[PDB]
Amino acid sequence: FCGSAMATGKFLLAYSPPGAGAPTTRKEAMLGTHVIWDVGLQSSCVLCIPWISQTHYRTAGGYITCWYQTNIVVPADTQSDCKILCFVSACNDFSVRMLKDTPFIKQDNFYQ
Amino acid sequence: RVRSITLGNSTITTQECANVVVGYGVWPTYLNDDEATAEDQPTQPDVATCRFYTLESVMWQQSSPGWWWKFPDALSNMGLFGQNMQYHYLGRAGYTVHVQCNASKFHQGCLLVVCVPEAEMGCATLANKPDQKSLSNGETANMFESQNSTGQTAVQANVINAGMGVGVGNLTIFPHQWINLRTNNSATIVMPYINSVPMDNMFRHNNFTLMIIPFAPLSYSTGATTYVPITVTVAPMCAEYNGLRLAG
Amino acid sequence: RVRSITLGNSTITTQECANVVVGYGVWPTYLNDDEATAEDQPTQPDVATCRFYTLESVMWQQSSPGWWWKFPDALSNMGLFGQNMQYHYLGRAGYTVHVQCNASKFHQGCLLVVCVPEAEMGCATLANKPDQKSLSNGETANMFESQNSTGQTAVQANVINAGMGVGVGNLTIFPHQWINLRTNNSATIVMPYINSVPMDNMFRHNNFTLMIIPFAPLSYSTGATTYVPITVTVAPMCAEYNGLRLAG
Amino acid sequence: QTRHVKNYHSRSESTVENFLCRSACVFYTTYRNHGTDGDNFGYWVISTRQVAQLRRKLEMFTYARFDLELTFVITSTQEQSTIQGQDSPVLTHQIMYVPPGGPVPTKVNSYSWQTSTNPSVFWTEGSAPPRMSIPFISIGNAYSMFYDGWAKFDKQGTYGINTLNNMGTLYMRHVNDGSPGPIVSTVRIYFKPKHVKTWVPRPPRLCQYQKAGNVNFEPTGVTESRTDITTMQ
């Protein structure tokens, strides 16, 4: 959370297992796997997702959602809204087994 | 620092060194067999229900009277433990009640967070009994009023009497916790199962209610958020139900 | 004498000295962690599902071809374990199959009670695939035929090929038990979980089917009951599901 | 597809060696047995920045140190002509590696072909493809995949470039014409780094490459767009 140090609020980071589907209300999120992210106490939250895997050779994968448990409370009037930054990382348990060409580079002709 | 608590598939974060009010000094426990009692009243525990349930936050405003929930009814539709109430005739459980408050240092106000056992409430009409809807709305908070309530079967929700015909300032006799925004923002009340019988039907009876009454009204500086969220998180403790298997 | 077996809130009675066919020599077991594997694929067991489920008895008659059930699908609506299939993406379980037969000493007949793993079945129409309804009817038995089946998407249910294009008399290669009314009336097959993967989706795949094929036709003396009930009782064993809690 | 399977935590081919020591085709050229002005020869300056896949994989690191295992797949085809009764004997090819700073052939019969310090392999068709290995030939301690500097400070176009990444040039030609008819041969050089050391990992390239000797790019979006930030229906 990248708001002011005086800002206070609560977020509900909800993890949906694969095949469960994305929750549609804050109550369905609360009834599943979730953490109450209190902005006032800690400005960062870390979540480790156990079941990731690939999905194809070349939905039904799990979801992560955030909900407004409370609103963001501020002492004074700030014109701009707060921002949240997300970071993803690999844990020590990934395997990779079959190298292939990446789909994000293209070379349709020679350079010379 | 900050302490993270996980129960089942739910996680919440609480500040360390936060006071916990443990009911009447009794931590919730399971029922105990009395000198190897016979299998005439089998009991069945459930540990999957020991998870946090987070009700929708109630918006605390400047002219905002209290709220209340009746937790046997307030968790009656919260997935499990609600299915357990529906399936089992007799139930028994304690609760850990977390009351959060998200406000900045520029906010004012004081809250009385009290769990009142057997909070039988009067009716707005003297020759009547309040209906189920007014008494307990389930996961939705029922609100106190700044004046006398009107209704044939409505609860007398004037905050001065807390709906019970007593002094609201004397509500501290029950397990309570004051939330002063300049000092506190959290309240943790661990309520043991209190009843005149070891187990009882849960749809038919409310063990206790939680009243969140703002004694000092909410206030803020110009430009600050005019409302403050109050989040109630509930973890059922030591949930027991009547055994459904055949005794022999 | 007679042995009574209780699992959960269900009780059945079986004759002692009754043979039990244990799959391929392997008793159903839980999955084992491989040298303290990481919590990337958490597994969750369920012991409430370890109870007997009794399908509706199928009426064995004189001109009665076989029956079959596909047990991942046949228990998909049997309360728990069916709710567990619906709720969990990946599942894993073995089964204890009890096949009872209520006939007097004046009845004749022989039954082949066989559990066929991966019993992929052909279609009545060559350029087609059989539909879900014909392949598995759930708790309702699907019946074999004395002649070629007709249908655009119907299973080729002629009993001679058992629906698989093989010799029905060679079905004894699978875990089986013969029921000869003059000698036997019960069959107990304990089937371990057999698959090419440790766990798999249960709505999407049938681990095995149970075929009850009368090789010697039912016969009786005049005045005896013209039909004989065949009761199938199923106890899921070592049911595992994918963990639903957060890894951290 | 690709159902959930057990995770065995195989890190085996995620290593830089198994990630980069892959034999990739980096160049192919044609040269005739007879030439108009002695220009019937193929050549390739050894660079890792012409194939966009190998370039991206190598540029995921700042410094590298590897050997150059080159394999050449020479195939000759006879072109259509009015010459009859050719009966070509077997064809021999010469592949010269000019080390950095060595003599450079200008024509097919230049003196630089018959030199002594340029490694040359003579391969006759019908055998296994020729193969030569070039060591880590830089005078520096590693190959710099990126260079935030100039070859000469007072020159605008020398930004990047460096001078220590020169790996030499390959030269291919026919030793014998075989027949008095048109024959054209393709070399199809195959590149494979060996004993790779890499340092200072870098983010993968996001924008499509424009030039082989540049990092210049048209600005591109960080990723593909989606309709809504929330997963609501």
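If you take every residue apart from C:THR209 with its C-beta less than 11 Å away from the C-beta of C:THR209, what net charge results, scoring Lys and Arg +1 and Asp and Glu -1? Intermediate results must be reported in sequence, preceding the final value.
Details: positive: C:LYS70; negative: C:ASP73, C:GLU118, C:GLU120.
Taking every other residue near C:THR209 into account, the sum is -2.
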Relative contact order [Cα under 8 Å, 6+ residues apart], segment B:152-248, whole percent: 11
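Given a Förster distance of 51 angstrom, what is the FRET efficiency for A:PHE104 paired with D:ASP87, based on the Cβ-Cβ distance and rounded to 0.05?
On the way: r = 52 Å, r/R0 = 1.02.
Efficiency at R0 = 51 Å is approximately 0.45.
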Counting partner chain Cβ atoms within 10 Å of every residue's Cβ in D:202-208, what's the average? 2
Within 10 Å of each Cβ in A:14-25, the average number of Cβ atoms from other chains: 4
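May I ask you to order D:107-114, D:20-27 by the average number of other C-beta atoms within 10 Å around their residues, highest value first? Write down the numbers at each step before the final one.
Numbers: D:107-114: 14.8, D:20-27: 16.9.
Per-residue Cβ counts within 10 Å, averaged per peptide and sorted highest first, yield D:20-27, D:107-114.
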At a 10 angstrom cut-off on C-beta neighbours, averaged per residue, how do the peptides B:36-46, C:100-110, C:186-196, C:143-153 rank from highest to lowest? C:186-196, C:100-110, C:143-153, B:36-46
State, as an integer percentage, the relative contact order of segment D:55-185 based on alpha-carbon contacts under 8 Å between residues 6 or more apart. 42
Using label points projected 7 Å from each Cα along Cα→Cβ, tell me how many nm separate C:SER219 and B:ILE5, to one decimal. 7.5
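Give the order of D:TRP150, C:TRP27 when sorted by the count of other beta carbons within 10 angstrom, beginning with the fewest. Walk me through the numbers on the way to the answer.
Values: D:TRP150 15, C:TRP27 11.
Lowest count first: C:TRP27, D:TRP150.
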Cut-off 13 Å, label 7 Å out along Cα→Cβ of D:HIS34, residues of segment D:179-207 by amide N: D:179-184
Please average, across the residues of A:64-77, the number of beta carbons from any other chain that are within 10 Å of each residue's own beta carbon, and give a whole number. 6
At 0.36 nm per residue, and after removing the present C-alpha to C-alpha distance, how many nm does the segment from B:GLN41 to B:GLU120 gain when stretched out fully? 25.5 nm
Distance between segment A:1-60 and segment B:214-248 - C-alpha centres, whole angstrom: 20
For chain B, what are the per-bin percents of Cα-Cα distances with bins 5 Å wide, up to the bin holding the maximum? 1, 6, 13, 17, 18, 16, 12, 8, 5, 2, 1, 0, 0, 0, 0
Label points 7 Å out from Cα along the Cβ direction at D:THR231 and C:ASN128: separation in nm? 3.9
Distance violations [Cα-Cα > 30 Å] among A:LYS106/D:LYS194; A:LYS27/D:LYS6; A:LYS83/B:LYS133: A:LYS27/D:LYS6; A:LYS83/B:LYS133
Order B:223-234, D:199-210, D:91-102, A:93-104 from most to least packed using the mean count of other Cβ atoms within 10 Å. B:223-234, D:91-102, D:199-210, A:93-104
Provide Rg and Dmax in Å for the protein assembly as shown, with only Cα atoms included in the calculation. 39.0, 125
Could you please state, rounded to a whole Å, how far the C-alpha centre of segment B:69-112 is from the C-alpha centre of segment B:21-55? 17
At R0 = 30 Å the Cβ-Cβ FRET efficiency linking A:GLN42 and B:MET59, nearest 0.05, sits at 0.80
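Given an 8 Å cut-off on Cα distances and at least 6 residues of separation, report the relative contact order of segment B:2-242 as a percent. Before the final figure, lay out the partial values.
Numbers: 549 pairs, mean separation 96.3, N = 241.
Normalised by residue count, the contact order of segment B:2-242 is 40 percent.
Since every read-out is calculated from the coordinates, none of them should be taken as a lab result. Quick reminder, even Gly has a Cβ in these numbers, built from the backbone with ideal geometry, and neighbours come from all protein chains shown.
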